[PDB]
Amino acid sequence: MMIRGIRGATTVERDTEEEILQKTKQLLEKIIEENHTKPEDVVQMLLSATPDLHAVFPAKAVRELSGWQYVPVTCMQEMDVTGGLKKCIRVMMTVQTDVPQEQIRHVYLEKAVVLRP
């Protein structure tokens, strides 16, 4: 069955574990709501952070989510772009879905709304 990436992006106001995890959870919850995603259908997830965030792996937020303890995830550094959005967390959630590419609901929150296409 076909697989598709779902993108998310958000921002935090400060580099703290509380804020990174809160904003990451809110971003995940929104992706799950808009795409009706069940954890068993998630192939894997990639989270990234800009290099001004160091307090915690955003992946930690994934176990705040009931039923998502078996979803494999790893956390990379976003490319450091001159004048790029600061304090930014992104998600690439790869899922089994029949929803067409045009209809996948990518999610941009907080100051990352500027990254919308």
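Residue positions are given as counts along the sequence shown, with the first one as 1.
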Between 4 to 12 and 106 to 114 (mean CA B-factor, as deposited), the higher: 106 to 114
57 to 65 versus 78 to 86 - which carries the larger mean C-alpha B factor in the record: 57 to 65
CA B-factor placement of residue 97, once the chain's modelled residues are sorted into thirds: highest
Entry-reported Cα temperature factor of residue 26, expressed as the chain third it lands in: middle
